[PDB]
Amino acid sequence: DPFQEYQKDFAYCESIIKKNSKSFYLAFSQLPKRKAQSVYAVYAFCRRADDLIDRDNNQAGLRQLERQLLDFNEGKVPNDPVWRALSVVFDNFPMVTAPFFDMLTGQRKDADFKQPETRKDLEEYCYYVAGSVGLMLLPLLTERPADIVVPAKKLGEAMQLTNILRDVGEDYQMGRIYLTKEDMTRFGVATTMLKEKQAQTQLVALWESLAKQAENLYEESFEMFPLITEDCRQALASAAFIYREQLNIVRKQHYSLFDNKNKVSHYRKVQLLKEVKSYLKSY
């Protein structure tokens, strides 16, 4: 039983998601155990690639990670907890390495940050760092991932846009602007507005424009539900509804640009799980 054989490796991954994403841990913990542990392994790989760049600015770390993935792709499993847990997942489900490579390519681009010029640019980037994650997970969630790659990529995009909209102030502080040059021009936002406590009128317009796009993408992605394995629906919809709720938080705090993380209460998460359970009955 490979989940017993590699139980410490899966425990290693579980602890990583538990400590880093209370939201995705709560949402995905509703999966049957082996599928949930498989998600945690994938989370671990993602979290490691991202922390390397965003926290550590360690391009040499990200190179090592790329070399391990190339080996893994060849069939030579790196002797490393995350890679050993991933080998079990790849043994058990029709996982594919392509979106894992896409994630590293997106991370590497963040290592030399440029503001997107267009929404097209921003949309390609959201694929590499977020839509790819949907593709990593699909084989855990549906009998044929190819059937629903489009809506899966949309949910990853909706989430990444939500992350962007949540973190405008902290990002700018760090030297990053994800909002598009074209949007800033269209809505008459000056980058100076990005360091204030509450969004000015122009930035609220832009914020809401992008939030509407995210909200549309969430809704569009929900088209995949009928092809999602029944026992996986509550967990996946939970992840979506919990993440989407952060848009309403920023609105309720009157478009605060800072301190928007960890603002969805446990109470509100529980409410959302029940909403999700009601919502799914309509499939």
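When you see a residue number, it is the position in the sequence shown, counting from 1.
- A summary of the deposited B-factors shows that, of 138-146 and 116-124, the stretch with the larger mean C-alpha value is 116-124.
- In this entry, the higher average B-factor at the C-alpha atoms falls on 59-67, of the pair 237-245 and 59-67.
- Note on 92, 73, 173, 162: the highest value goes to 173, judged by CA B factor as recorded.
- Sorting 107, 87, 201, 97 by the CA temperature factor given in the entry leaves 201 at the top.
- Ranked against the other modelled residues of its chain, the C-alpha B-factor of residue 38 as given in the entry falls in the lowest third.
- The PDB entry assigns residue 260 a C-alpha temperature factor belonging to the highest third of its chain's modelled residues.
- Residue 213: CA B factor in the middle third of modelled residues in this chain (values from the PDB entry).
- In the deposited entry, the Cα temperature factor of residue 22 places it in the highest third of its chain's modelled residues.
- In the deposited entry, the Cα temperature factor of residue 157 places it in the lowest third of its chain's modelled residues.
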